[PDB]
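Before any questions on binding or motion, here is one chain by itself as structure tokens, the form deposited in one PDB entry.
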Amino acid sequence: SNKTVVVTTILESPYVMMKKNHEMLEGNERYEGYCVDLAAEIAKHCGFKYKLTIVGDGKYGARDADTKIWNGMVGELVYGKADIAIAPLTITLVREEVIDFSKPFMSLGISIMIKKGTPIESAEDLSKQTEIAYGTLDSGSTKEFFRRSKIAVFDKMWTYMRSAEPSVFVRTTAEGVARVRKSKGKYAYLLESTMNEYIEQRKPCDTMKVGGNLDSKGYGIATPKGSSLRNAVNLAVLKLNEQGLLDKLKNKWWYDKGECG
């Protein structure tokens, strides 16, 4: 018997954003963005009503090494606080062991954001110097990439980042971007290419993406194990891709948005 599906998501541009007039709107209407549009399409194809909820702790999801407790959107699924996560949530092994992911709806890789003119072209460049600090988001997949890497350059970078003072890590993507912008070239931020490429086309047009991506992976829609939504959501992602809807939404929220010419 049909119940409203609780969707957990995260305020992250341009995936989910508060509309300019949000104070006078209610419920799902408060929000706009790629994942807001994706949620409406998935719900229509799968035949469910839903409520968008912003993850309580503002995090993507990681497992505490000591307590083994998951936080973020992953934790909301694991502990039964939400039915589905529709967000830029990276498909990773440690997550797929505890939740299920749809096929990917978007490709990405880890990338470098600099303030324009910063003399860095690559991860190797960052690793060979100390004047420019660099770091990642907490409680996400990029931090874990570095923590786990056995590649020489990335291992060196992790050894630096994990002990750097003051802390190079940030609580949100927006904090990382602000830190690049205010640091006069002395901070570079490691973040997913999707977010990097969005910000490069927003005023004040003072950042850019440098070097190749460090890896290749995808975002997926996540459900708790045993969910009755799993198969329908997976097939709906593939239907949306084949209809060209995912490519339409990417153009709508990245390039049609562009403010830097």
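In this text, residue numbers run from 1 along the sequence as written.
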Hey, which bit's got the bigger mean C-alpha B factor in the entry, 124-132 or 82-90?
124-132
Stretch with higher mean Cα temperature factor, 160-168 vs 71-79, is 160-168
Pick out which of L137, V153, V98, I110 has the highest C-alpha B-factor in the PDB entry.
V153
Report the third (lowest, middle or highest) to which the CA temperature factor of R148 belongs, ranking only the modelled residues of the same chain.
highest
Chain-relative CA temperature factor third for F105:
lowest
Looking at the C-alpha B-factor of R230, is it in the lowest, middle or highest third of its chain?
middle
Relative to the other modelled residues in the chain, which third contains the C-alpha temperature factor of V7: lowest, middle or highest?
lowest
Looking at the C-alpha B-factor of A65, is it in the lowest, middle or highest third of its chain?
highest
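From this point on, the text means the form deposited in another entry, which you will not see here.
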Hinge between rigid units, forms compared between this form and the one not shown, options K186, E175, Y31, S107, answer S107
Since the Cα separation of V170 and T223 moves by 3 Å or more in that other deposited form, tell me which way: closer or farther than here.
farther
